[PDB]
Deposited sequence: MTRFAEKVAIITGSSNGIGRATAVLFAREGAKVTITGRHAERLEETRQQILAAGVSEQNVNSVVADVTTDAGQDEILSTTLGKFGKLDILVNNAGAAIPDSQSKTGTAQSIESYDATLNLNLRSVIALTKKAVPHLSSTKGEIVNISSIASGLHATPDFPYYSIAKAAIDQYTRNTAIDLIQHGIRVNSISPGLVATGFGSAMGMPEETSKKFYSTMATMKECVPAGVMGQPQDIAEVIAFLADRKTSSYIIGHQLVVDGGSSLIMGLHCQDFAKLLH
């Protein structure tokens, strides 16, 4: 299967998108490092991987704060130690000024810091980076998520910037902007049909498939620095 002999780090993999991505990549033969601050949620991800029939040897669980220098180093050091290399990095991490600081620290700062540390290793394997953004970022307003949206807008710009700089080191960088996603009455179902053209709510697995597509050169090698929107058409309304 694709990703055989590939090693991937998936941040924010203790739930939803990150979790589904880890399970998918693992099932695809990759050697995955899952990480998060909530050990119990993270172990649940590990259990879904094992349940899928994947060997426990292909999973590296790291409980850490990705916003700290030590957490970042631990995430990276344990993956290189156990797997020997790094091929894929899926950056899936993530009102008062205090909320602004916390929001940008997690959604932007930690991604930049972790990525800079991973670059040397990704260059060695001519790896891939997939940044998870959000349609919160786009040519429209997102007042309900003031700081999350601008942090993601910076993530989009960061993706374009790093894609051009890092491709010179054999690294492919792209991003995905998911719309509404659940599974991580009549009135609610009606509104759903109205707000999501697709007529169905997005699923963690739907996003995981797209992440895999972008992490696999066999299927997307010529796609570079693109912001791939996966929102059932919501942002077009």
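Residues of the deposited sequence lacking C-alpha coordinates, counted from 1, fall in the stretches 1, 96-108, 199-212, 266-278.
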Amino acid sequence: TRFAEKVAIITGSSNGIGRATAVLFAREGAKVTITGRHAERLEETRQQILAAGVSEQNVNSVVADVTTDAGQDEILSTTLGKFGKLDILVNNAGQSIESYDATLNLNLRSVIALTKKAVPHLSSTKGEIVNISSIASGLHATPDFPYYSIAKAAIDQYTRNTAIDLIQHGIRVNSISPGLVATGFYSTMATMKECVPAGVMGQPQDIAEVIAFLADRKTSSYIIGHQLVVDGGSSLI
From here on, numbers count along this sequence of modelled residues.
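Of the two segments examined, 75-83 and 148-156, it is 75-83 that shows the higher average Cα temperature factor in the deposited entry. Once the C-alpha B-factors are averaged per stretch, 188-196 and 64-72 rank with 188-196 first. Which of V90, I135, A113, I97 has the largest Cα B-factor in the deposited entry comes down to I97. The residue among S221, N15, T21, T11 whose C-alpha carries the highest B-factor in the deposited model is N15. Among all modelled residues in this chain, the alpha-carbon of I171 has a temperature factor (C-alpha) in the middle third. Annotation for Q47: C-alpha temperature factor in the middle third relative to the rest of the modelled chain, per the entry. Remark: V32 belongs to the middle third of its chain, ranked by C-alpha B-factor as recorded.
Ranked within its chain, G179 lands in the lowest third, by CA B factor from the PDB record. In this PDB entry, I237 carries a Cα temperature factor that places it within the highest third of its chain's modelled residues.
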